[PDB]
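Structure first, commentary second.
Every chain is numbered from 1 and lettered A, B, ... according to where its sequence line falls, protein lines coming before strand lines.
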Amino acid sequence: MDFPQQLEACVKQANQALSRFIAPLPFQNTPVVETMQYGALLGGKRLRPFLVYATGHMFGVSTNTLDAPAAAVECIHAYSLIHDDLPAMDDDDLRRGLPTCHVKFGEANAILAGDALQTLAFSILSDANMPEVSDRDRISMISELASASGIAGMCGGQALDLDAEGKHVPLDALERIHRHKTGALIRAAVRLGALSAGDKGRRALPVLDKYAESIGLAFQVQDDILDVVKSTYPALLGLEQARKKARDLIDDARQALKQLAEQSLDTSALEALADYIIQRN
Amino acid sequence: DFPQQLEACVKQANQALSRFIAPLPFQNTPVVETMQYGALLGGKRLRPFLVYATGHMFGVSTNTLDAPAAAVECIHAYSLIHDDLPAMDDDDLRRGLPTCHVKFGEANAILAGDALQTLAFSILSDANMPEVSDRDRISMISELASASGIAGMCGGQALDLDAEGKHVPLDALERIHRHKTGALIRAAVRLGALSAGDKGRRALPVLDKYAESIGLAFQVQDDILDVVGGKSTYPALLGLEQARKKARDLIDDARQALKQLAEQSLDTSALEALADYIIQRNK
Ligand SMILES: CC(C)CCOP(=O)(O)OP(=O)(O)O
Ligand SMILES: CC(C)CCOP(=O)(O)OP(=O)(O)O
């Protein structure tokens, strides 16, 4: 199967995993729970779950066990978008070809839905059945998701980003904003997949981190290029050197995978992802 | 002496809170300045009091209890920052001072509340709790999450909104409170007990009774004090004096639940003083 079919397949897996935890929730007939479902399940590429699944599978972890961190990272991802769309934030009327949550359900419902999705990520990690995941590793997973999603990571990146409005920050500052705003949660997806496998996965982390941060930045560069085809990669470097940048970052990602392949790990899915990113634009 | 124990637990909870907020990165950013303003300035710290009092009953150290005390207060703090927003309760003032969104703008207030919720989970998974088991630590995280999310606090805030000016009946009103404020108050007690482990876990059945009783009693008493100190309240549905009776009956339950524990060599004096304080407050 081609990567487009793989993405379709993961989207369906990520979607099941998501609904398996969302459907048993109380208050289903309320605007807020309806907003949570709209905001979490309708559209999206599910790249964070993909990373959890792909990384976990390399270490021989079942899809059942991985459904948990895959849904949990997507819950953090979904909540951030709901809050980021708010008029006080990015103020978006449309997302995923659909009116954003605050437009459809109202700001209060959007605020609460986002708040509750964050919490659900932690309930999932602390409650989901993961038969071969030790208690120590589960705490590492929770700890990782929390530092990556909070002020040290995602929130902290969003803070920096709003502060950078109208400041035309240099490339190094820009990459720092991205590393925290999106890099941290993408690194978390990979880290949760490997922690899932225990000590074996825990040893591949320094290399997996390099892969994750590199593809995290490569995604942002491609997004920026797609926008033209605040500071952005193209605005700072010019189109050609932004394309070069994405190519450089994917090379960095492949070097990381090279180290994993040398440890007899199947990097095919992670390699397929680097391939998909660089063929973009 | 109890009003002095409260001031003592407040200064302590604040220390705990600062312990976990101060070393965070980006200290010189509006968002972080907002988390500090919202978490630390003003408040009675009753949830932390519940954590400290329940834990101390089992001889758990304060240094250890600083974690669950700070974590529950972060959840509480974040809920107020978000609830104060114009789209929600729309409050310009709180604790006698401008609210977060008024002082720092909505964007910051939104982000700071989000980051405080995350911090609660970073505290429970990272804090040094030398005597706390991994299975218990996990139970402490699971509990905070269930109590704070759609099944607890957020779900209560929703029920409360979806009921905007609907004159809900008594059962619906109690359901709103049970989730909106009861769950987190019970979580405070449940976390204090969990840190102790086995001894604490066996006390939960009775501790929950105490927690649920005082949780509702706080709300009934708030309603009473709003009257003598449309949306449904206890005096509006029951009558002022029937609301007082209701609060009094709740504290009785709380005292009885505690007897059962004091009947197992547990010093319930602090939890007793709190139950008495609830029903006795005049402002
Ligand atoms: C483009 C956009 C505003 C949506 C943000 O999410 P994202 O593009 O980081 O999500 P993925 O790159 O993981 O698909
Ligand atoms: C004044 C008053 C007791 C009402 C404040 O209620 P709150 O929920 O903000 O805090 P408590 O639960 O500690 O009372």
Using non-hydrogen atoms only, which part of [X] is less than 4.5 Å away from chain A: side chain, backbone, both, or neither?
{"X": "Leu159(B)", "answer": "side chain"}
{"X": "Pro86(B)", "answer": "neither"}
{"X": "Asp162(B)", "answer": "side chain"}
{"X": "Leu85(B)", "answer": "side chain"}

Chain B contact via [X] - which portion, at a heavy-atom distance below 4.5 Å:
{"X": "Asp127(A)", "answer": "side chain"}
{"X": "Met36(A)", "answer": "side chain"}
{"X": "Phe27(A)", "answer": "side chain"}
{"X": "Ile76(A)", "answer": "neither"}
{"X": "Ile139(A)", "answer": "both"}
{"X": "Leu120(A)", "answer": "neither"}

Taking atom types as modelled, find out whether [X] and [Y] have a side-chain donor-acceptor pair closer than 3.5 angstrom.
{"X": "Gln27(B)", "Y": "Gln36(B)", "result": "yes"}
{"X": "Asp84(B)", "Y": "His101(B)", "result": "no"}
{"X": "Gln118(A)", "Y": "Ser149(A)", "result": "no"}

Give a yes or no on whether a salt bridge exists between [X] and [Y], defined as a side-chain N under 4.0 angstrom from a carboxylate O.
{"X": "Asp136(B)", "Y": "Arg201(B)", "answer": "yes"}
{"X": "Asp134(B)", "Y": "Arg137(B)", "answer": "no"}
{"X": "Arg136(A)", "Y": "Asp199(A)", "answer": "yes"}

Practice task
Please step through side chain to side chain contact (heavy atoms under 4.5 Å, CB included) for the pair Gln157(B) and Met88(B), ending with a clear verdict.
Solution key: CA-CA 10 Å; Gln157(B) 179 66 343; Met88(B) 291 206 274; 3.7 Å; yes

Practice task
For the pair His83(A) and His82(B), name the ring-plane relationship: parallel under 30°, tilted 30 to 60°, perpendicular over 60°.
Solution key: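 Perpendicular, since the angle between the ring planes exceeds 60°.
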
Exercise for the section: Start with the C-alpha gap between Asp160(B) and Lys166(B), add the side-chain angles, then the distance that decides, and say whether salt bridge (charged side-chain N to carboxylate O under 4.0 Å, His left out) holds. Expected result: CA-CA 10 Å; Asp160(B) 206 0; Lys166(B) 291 186 63 182; over 6 Å; no

Exercise for the section: Mark yes or no for whether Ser125(B), through its side chain, and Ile142(A), through its backbone, hold a donor-acceptor pair below 3.5 Å. Expected result: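 Not a single qualifying donor-acceptor pair exists.
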
Problem - Main-chain N/O of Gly56(A) paired with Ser196(A) side-chain donor or acceptor, under 3.5 Å - result: no

Exercise for the section: Look at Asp114(B), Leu111(B), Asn108(B) and state which one has the largest set of heavy-atom pairs under 4.5 Å with chain A. Expected result: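 The residue among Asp114(B), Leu111(B), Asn108(B) with the greatest pair count is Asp114(B).
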
Fill in the blank from the handout: Interface check, chain A: of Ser146(B), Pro30(B), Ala115(B), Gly105(B), most non-hydrogen pairs under 4.5 Å belong to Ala115(B)

Fill in the blank from the handout: Max heavy-atom pairs within cutoff under 4.5 Å with chain B, candidates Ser143(A), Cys155(A), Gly156(A), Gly150(A), goes to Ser143(A)

Problem - Between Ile151(A), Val32(A), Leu162(A), the one whose heavy-atom pairs under 4.5 Å with chain B are most numerous - result: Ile151(A)

Problem - Reference residue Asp92(A); test side-chain contact (heavy atoms from CB on, under 4.5 Å); the match among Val103(A), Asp84(A), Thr100(A) - result: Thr100(A)

Problem - Part of residues 169-191 of chain B lying next to chain A, heavy-atom separation under 4.5 Å - result: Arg175(B), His179(B)

Practice task
Give, for atom CZ of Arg96(A) and atom CG of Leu81(A), the distance between the pair rounded to the nearest 0.5 Å.
Solution key: 6.0 Å

